[PDB]
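Beneath this line is the structure, given in structure tokens, with notes to follow.
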Amino acid sequence: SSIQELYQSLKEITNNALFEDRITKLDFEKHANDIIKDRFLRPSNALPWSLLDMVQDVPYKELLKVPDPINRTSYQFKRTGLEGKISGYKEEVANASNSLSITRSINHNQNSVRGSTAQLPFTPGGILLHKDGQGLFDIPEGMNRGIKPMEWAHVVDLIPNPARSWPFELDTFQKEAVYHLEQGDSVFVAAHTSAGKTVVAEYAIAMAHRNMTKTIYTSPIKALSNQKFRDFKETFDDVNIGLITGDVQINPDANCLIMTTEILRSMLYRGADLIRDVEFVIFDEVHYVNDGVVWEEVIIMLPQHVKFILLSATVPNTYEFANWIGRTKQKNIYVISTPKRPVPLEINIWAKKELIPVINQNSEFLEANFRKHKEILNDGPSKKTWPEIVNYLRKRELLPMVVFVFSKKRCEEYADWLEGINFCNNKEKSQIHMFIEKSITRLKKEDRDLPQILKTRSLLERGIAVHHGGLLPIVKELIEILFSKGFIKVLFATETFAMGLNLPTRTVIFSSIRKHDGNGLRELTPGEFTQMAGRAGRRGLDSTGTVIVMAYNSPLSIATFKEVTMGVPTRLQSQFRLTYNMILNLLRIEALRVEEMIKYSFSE
Amino acid sequence: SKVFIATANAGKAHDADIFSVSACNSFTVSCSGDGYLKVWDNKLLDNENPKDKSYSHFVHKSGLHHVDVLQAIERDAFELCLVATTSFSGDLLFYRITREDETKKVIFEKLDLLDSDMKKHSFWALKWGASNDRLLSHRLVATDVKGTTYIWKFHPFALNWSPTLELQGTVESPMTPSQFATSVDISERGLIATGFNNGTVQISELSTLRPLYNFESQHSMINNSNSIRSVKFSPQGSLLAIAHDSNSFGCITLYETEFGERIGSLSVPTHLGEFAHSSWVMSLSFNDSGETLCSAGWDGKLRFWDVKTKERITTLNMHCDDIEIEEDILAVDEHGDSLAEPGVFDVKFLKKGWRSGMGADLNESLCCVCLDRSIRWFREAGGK
Amino acid sequence: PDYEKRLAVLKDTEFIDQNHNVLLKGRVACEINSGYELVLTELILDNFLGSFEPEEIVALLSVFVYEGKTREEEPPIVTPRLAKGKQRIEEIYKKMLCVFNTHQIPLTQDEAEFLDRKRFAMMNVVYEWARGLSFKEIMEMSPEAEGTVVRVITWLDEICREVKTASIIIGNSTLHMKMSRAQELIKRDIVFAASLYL
Amino acid sequence: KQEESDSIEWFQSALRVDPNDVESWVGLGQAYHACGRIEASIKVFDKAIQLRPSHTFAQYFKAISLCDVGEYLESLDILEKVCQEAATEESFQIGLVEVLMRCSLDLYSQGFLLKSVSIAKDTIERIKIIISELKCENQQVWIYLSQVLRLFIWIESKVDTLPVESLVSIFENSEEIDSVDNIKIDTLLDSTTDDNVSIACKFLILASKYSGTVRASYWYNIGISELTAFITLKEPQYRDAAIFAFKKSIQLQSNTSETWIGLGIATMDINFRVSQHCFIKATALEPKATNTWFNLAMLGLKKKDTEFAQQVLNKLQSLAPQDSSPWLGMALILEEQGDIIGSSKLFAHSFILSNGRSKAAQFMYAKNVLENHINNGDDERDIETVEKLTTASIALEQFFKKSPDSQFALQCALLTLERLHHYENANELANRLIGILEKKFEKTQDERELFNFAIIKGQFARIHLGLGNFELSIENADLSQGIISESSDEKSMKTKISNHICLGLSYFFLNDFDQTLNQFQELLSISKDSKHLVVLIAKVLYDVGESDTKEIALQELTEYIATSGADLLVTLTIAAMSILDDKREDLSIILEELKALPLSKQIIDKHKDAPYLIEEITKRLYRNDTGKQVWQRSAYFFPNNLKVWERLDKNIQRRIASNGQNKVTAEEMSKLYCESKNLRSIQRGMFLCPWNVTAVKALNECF
RNA sequence: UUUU
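Chains as they are written, first to last, in the authors' numbering: chain A, 8 to 24, 28 to 39, 45 to 74, 88 to 121, 129 to 162, 185 to 207, 301 to 308, 319 to 451, 455 to 541, 607 to 832; chain B, 2 to 159, 167 to 279, 285 to 397; chain C, 1090 to 1287; chain D, 715 to 888, 894 to 930, 941 to 1432.
Set out below in structure tokens:
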């Protein structure tokens, strides 16, 4: 019975009027000679390799590459009359590995986003062997034998068809930046955080989209890239944005691309075709200083058709860097500075269950109140101090509040001392539970059951959370999104949370004014305090921003308090460095010698 | 296609192995060995169990292993949705899917389109050919156990509902004696490709029904392995992807259909040689643009390949613990064997806007059925 | 002067020649973009890693991405080949320190104290992650927090990419295949989960 | 004014003032194109087309930009529609021809050699149309034609498709170098005894002669064409013409690297000092070109100076690690020296890096693979060796598409296909080889070719034996035996043994003339004695069925056992013969023998044939004794063997092969699923292998 | 004992 008979027998199975796991009636278990004959004594037509081993025996002009032809003639179009239209044509008289020109041929086999070391970069913007014997060359170059046969920066004091419009009236510095971008050159804006520096970036992106070009948005921190991607996804219509990471590429052919500075530098050193159409590169958090911050190398290595928009905090060294960039790249750059903050900030001191203001709205110190503090008191938090402050702020309606603690363990320890305090209703708890459940559906049951997730979920459903660098990135993203939604009332955070992020808060509390970094405890610099304390007021929903510095059974020194709270702000510093990879790449390229790159730098 | 995020899943959806899956704009269809056919609503809302919006109908006691759905707007307002299935006994069945006006429940109506002489054959594979400006009538192609390919034309009207299937002709196997026809496909340009158990693919012209090419994909003819499991045409290009066995390995080979020449193969280092998967490749699927190919492996992985560069892009791993509702997790089978890494039977790309829900509104989706008797949905990160 | 001293060091180690032409070692080190190019270049230049397994190589390379500023006693190594590779890397780094101190180059804090820290304390964690253990067990056996482990594995991904390219340059295919296998092995689960903003 | 970057801002301002100016959009796009902003220009042209769909030049510019980025389908559609709308314009036709040529060259570089020739034929037809109708001539169209004509010479297996009818009218509707090459239209027409490739090369050298920078380019193009002809046909007059053209082009400009490279190539054998000077000058002119170093390396190797070639190849490897030529040169050097493993590694690396773009890489890889696996004593169960043979076969298949009719490559491919059981391709290849040999030996009228003729006939007879054509196999074996019988050398004994095997097997299988088969196998046994040969002869004689044949088979098997010792295969064959002959004393002796094999003889027996034989002998001599103890011992020694668990527990066998512990085929796995006797598993196993009989039978037997 |  062949397969046809068996398949014909199958069709007799008639459907009748739940699934049942059935068991076959077939029995799988002297013709044993047929197997032996087929296995041990069957000659075959196909000779095995053993016999082929016995009967089989094994039996410069064409290795060269002839150069390809050359064409030097082309076509040119000559328009005629007003409103120029093509009237006539006339017959008139370089790869990635040969030329540094922007006009070299594009090879479609390689990646247009990342590139390769087989491609030379593009030209950065703004920057004997004859051993003849009897008449003929004999010694090649690099060997000892032949063949033996055998332009300024400007400071500004504070459009008919705008590319983007906003409901509210723009600030003076925003209008100045927009006008200078429209005129067709660079700007360098230094303003307080959350003062509206994103308007400039949005207008630059809209301008680039109007002109059929592209924009690159870079930041030195990879955590900010996802937040900026979501923000620009929500803000922008009719323009598509993408995200470039070390491995993942989202919308590579997008008008706006968000990446880090090191990714852009790696792209630049390998001659990626992406930079051909890029019009703007935006440098955010320029003031950031950590001992990935390679933006100066990017400035040096950029092509000459790219303009710059640099966003930074208030620093007193702006003109030096602006002048350096303008002189190096022969670009006109404008410096816009603004010290205005939309919500005034008041400095308080917490001592003996009393809030004592010491710096009023106009940044005036109060000596009498500091003396009152010092005499009233006459060291760290105890297990009964956080609930007192929390209840005090709930009574006066000063929530949400953020407490900055500079150690991973103490944040979680402090959060556990708030047991017995609840800030959520039934509907709020249900919504938080729903959001947490929907966020972790991409993980496995083993991943969903990690102790950190359970602990955070226990904390989140009461309006309390903890933010530090020892958490999983998904947990941190969940906490940030829930805080942005307005569900969290009390939060303990490290310096991770004090960088550019969405932070609607009404009160800021400092556990301490000393931070242990590197090797040794160190009192907070005025820049760190200014950035951290400058996030205490919501524009349009809060009248004032309350800042509380806590003293525990011991008066605070007036010298350190004055040095940290009101002192000379930090300056910009150059983080340019020399690396063996840098030198080796420059030597291999054989253009832009290292001495020239060094002499074109802020340090030199 | 680089990042894929799971959006919904349903463990223990069927009582037996889910052998095939198909999708349309309105719903997704599954067939299993228990003889049921399940329709899953594609327009889900936030916080909705997929099994809540599902409907099932019993077809054949012997079980089903192939399924395809055809949805089109045949007139100014008339809309027809047809489901074609084939069973283990070898029967070809047709069903009309319609929805109630008030309850919005799905109704199943059986159709009789094959004549008595046509019911004597045992069909294995099938594929709906929709109208794509090549000809005004929809097409249906099927293969049998004798190696023959059949082509029909579907006529919905004779607006009066009166469906009728008209046989165009048959194409015989290229070799004597005939072999088993394991897979079939039809392209938008009017081409038919058939795979055989010996490793041979034949291509014939839709209009005139005559053979064009006969290329052999066997690495070596030392043994009788290397059957063809899946043949797929590129959505717009002149490219044909072949999935074939290699003596316990899985291989994918690319051909161009204008002249029928070998282009290359996809392979990754696995625990040497040119193999795409560790165990076997059971299904293939192209995206809308025809630039990414997805292969479902018996080893329990979904691999994504770049067509132009013939290089792997990303890999998705399948686990039995990925099911949201923990009561639906099937850790072990009826014999106690592990299912921590279940093999994939079928994979399907869903067009943009077909599947709505948790952020899947403006990007392409993806569905797969695995050995743990589960159905899973994914979405591509970002937008388009 | 720093550039001149760096050129002298590069020439003394046969990365370049007297005419400042890039040699084979110099060409390989052009692709490595971490903070330690020379040490990795000489680690992968010869056939020392010929007998290693992909998990062993990916676990050994974690020394170049872990800061090593922990405060616990290191557990014993899991495989003898990891200890052999640790000895080889330490000897190479001692020779490099001698070369650097000969030409009087100012070193950074991380380069000076490379051998004074516990930078090999995460080899077991990476090896077990590559083997296929769950994140709960990995965290139970780790001497650090979750963020540190996630950062280390995320950086090892790029290290694997760079080693793939360098092995393609050198002429070694086995190293290329091993790096591809390790890259596939380590990229999985919650460590490489999609962002909630995507 | 060709200051394109300066007009971008002006066009953008004019567009901001008036967003509906089509000419402003066109100017902005044409400015963006010259600044390397191709995608922005594409979007700009799309915008302008959207404003005014009837605009014509915008579509042409968009098509050129799409060709620049590598989108040939859309640009081809746009240009075809544009030429349909207005066929009088010359620029549109030239652009269509340009896009066709670029698409064909890109397909050739990407490995689409079958559509490249079709697009080249389309380009030639378009050029003929242009010249005949528009009567417009320019250098660009002739350069395009010459670029197209190289595709037919490069793809020589499709050279007969060249449109010699259109080319005649192309060359009939329109002196210093003519006296050397003597290539003329009149001489072309009145020619005889001329091969297809020679006519192709002569057609290649007419577009270069039918077209001071421009004159230098013209003479360089003529010299390149003549150099191609000289390399392809190996005739001195082409070399003289190439040297003359190169000298004139150098006398015109002398400031281009390519002319010096060509001059060095054309003078490789007449004088090496001249080639050295030319290559040094070319390298000094353009230091970023890696071809000059490879040419200098090859020149040094042709003079047998290995150290210079090694040094220059080391420098080149330091320079261009991604190119596959330095690895090929290093592999050739190491093969000349004597190192074999390093040579194989370098050949493999070169083949991998080439990605099919090099004929030499494919040929050397195939030859090296064949050399390393011709007498290595390896079995057919090794995955790596079979995969290497498959890769070599694929490489040779790709090689034959460009340079067919090559004797050495044909013979290597024949051997590889014989090893791969691909008897259908080997038939065609051997037919082509026999035809080429007959054509070669029918002109010189020599007699030294009769030696290779016999070997080719023997291989062809082996191919017929594999295919099943016994009559043709016998005919070819007889011809080969007759052609060489009195010869005594190393290459004659192999052919004699092969012919004897083919004759005996072909007679036995169908002719039924068992006397002739017996005579031939007796002669073979007299001429040689090896384990596999004697085992095959014994099995054939046993299959004959004669008592004398069986006696002779047993006697010669025992004689080999006495002469060479004990081996597992011979013992197993003798045991099978005894079991099929029912010799009780012999069966008992073998049962004593088989049950005391050394561990070395049990590690080798990976399929456990011996335990099966012990069970069969035990159950055929002691009524119904249980012989499962050998299976239990084998499982104790080999718990991870698929064969041992078949007799003990099918659950363990299904589990062990389930998740990749062992490599199992689809048929075997489907058999394992069905043997659990469950509806779900039976459906699974029938889905895996629908042509299995047991699966469908069990599913029918369920319900 | 912060940041990466």
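Idealized CB from N, CA, C, for every residue including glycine.
*asked:* Assuming residue 730 of chain D is part of the alpha helix (DSSP H), what are its boundary residues?
replied: Its alpha helix (DSSP H) spans residues 718-731.
*Work out the CA separation of residue 1199 of chain C and residue 1130 of chain D for me, nearest whole Å.*
58 Å
*Is it the case that the Cβ atoms of residue 1122 of chain D and residue 1144 of chain D are separated by a distance below 8 Å?*
no
*asked:* In the DSSP assignment, the alpha helix (DSSP H) including residue 1292 of chain D goes from what residue to what residue?
replied: First-last of the alpha helix (DSSP H) with residue 1292 of chain D: 1276-1293.
*Under 8 Å Cβ-Cβ, which residues of chain B neighbour residue 1277 of chain C?*
330
*Between the CA atoms of residue 433 of chain A and residue 475 of chain A - distance to the nearest angstrom*: Looking at the backbone, the Cα of residue 475 of chain A and that of residue 433 of chain A are separated by about 29 Å.
*asked:* Counting only Cβ pairs nearer than 9 Å, list the residues of chain C close to residue 675 of chain A.
replied: Counting only Cβ-Cβ distances below 9 Å, residue 675 of chain A has contacts in chain C at 1223, 1224, 1225, 1278, 1279 and 1282, in chain order.
*Can you name, in chain order, every residue of its own chain whose Cβ lies under 7 Å from the Cβ of residue 370 of chain A, other than the five neighbours on each side?*
323
*Can you find a C-beta in chain B that's less than 8 Å from the C-beta of residue 1269 of chain C?*
So yes, residue 1269 of chain C belongs to the interface.
*For residue 1325 of chain D, which option in D:1359, D:1351 and D:1165 has the closest C-alpha, if you only look at C-alpha atoms?*
Measuring from the Cα of residue 1325 of chain D, the nearest candidate turns out to be D:1359.
*Could you pull out every residue in the same chain whose Cβ sits closer than 6 Å to the Cβ of residue 802 of chain A, ignoring the five residues on either side in sequence?*
830 and 831
*Counting pairs of beta carbons, one from the stretch 238-252 of chain B and one from the stretch 194-206 of chain B, are three or more of them closer than 8 Å?*
yes
_Residue environment, residue 1291 of chain D, which counts as buried when at least 16 other CB atoms sit within 10 Å_ = exposed
*8 Å Cβ cutoff, residue 1105 of chain C in contact with chain D*: no
*asked:* Measuring alpha carbon to alpha carbon, tell me which residue in D:923, D:963 and D:962 is nearest residue 950 of chain D.
replied: Nearest C-alpha to residue 950 of chain D: D:923.
*Looking at chain C, which residues of the stretch 663-697 of chain A have a Cβ within less than 9 Å of any of its Cβ atoms?*
667, 670, 671, 672, 674, 675, 677, 678, 679, 680, 696 and 697
*Going by alpha carbons, who is nearest to residue 1058 of chain D out of D:1048, D:1024 and D:1081?*
The shortest Cα separation from residue 1058 of chain D among D:1048, D:1024 and D:1081 belongs to D:1024.
_Please tell me whether residue 364 of chain B and residue 301 of chain B are closer than 8 Å, where the distance is taken between their beta carbons._
yes
_Residues in the stretch 1239-1268 of chain C having any Cβ partner in chain D nearer than 7 Å_ = Identification of residues in the stretch 1239-1268 of chain C having a C-beta nearer than 7 Å to some C-beta of chain D yields 1258, 1260 and 1262, given in sequence order.
*State yes or no: is the beta carbon of residue 809 of chain A nearer than 8 Å to at least one beta carbon in chain C?*
Output row for residue 809 of chain A: interface = yes.
*With a threshold of 16 other CB atoms inside 10 Å of the CB of residue 263 of chain B, please say whether the residue is buried or exposed.*
buried
*Measuring alpha carbon to alpha carbon, tell me which of B:246, B:245, B:278 and B:288 ends up nearest residue 162 of chain B.*
In the structure shown, chain B runs from 159 directly to 167, leaving residue 162 of chain B without coordinates.
*Under 8 Å by Cβ, that's how I've got residue 818 of chain D and residue 873 of chain D pegged, so tell me the actual separation to the nearest angstrom.*
Contact check for residue 818 of chain D and residue 873 of chain D: beta-carbon distance about 15 Å, past the 8 Å limit, so the pair fails to qualify.
*Go through its chain and collect everything with a Cβ distance to residue 786 of chain A's Cβ below 8 Å, but skip five positions before and after it.*
The residues are 533.
*How many angstroms separate the CA atom of residue 88 of chain A from the CA atom of residue 1031 of chain D?*
7 Å
*Below 8 Å CB to CB, which residues in the same chain sit around residue 775 of chain D once its five sequence neighbours on both sides are set aside?*
Around residue 775 of chain D: 740, 743, 744, 747, 755 and 759.
*residue 1230 of chain C: buried (16+ other C-beta within 10 angstroms of its C-beta) or exposed?*
exposed
*Closest Cβ-Cβ distance between residue 917 of chain D and chain C: below 8 Å?*
no
_Let's see if you can read the secondary structure: which residues bound the beta strand (DSSP E) around residue 308 of chain B?_
305-310
*For residue 153 of chain B, decide whether its Cβ has a neighbour in chain D, counting only Cβ atoms nearer than 8 Å.*
no
*Output, in chain order, the set of chain A residues within a Cβ distance shorter than 7 Å of residue 1286 of chain C.*
386, 387, 389, 390 and 705
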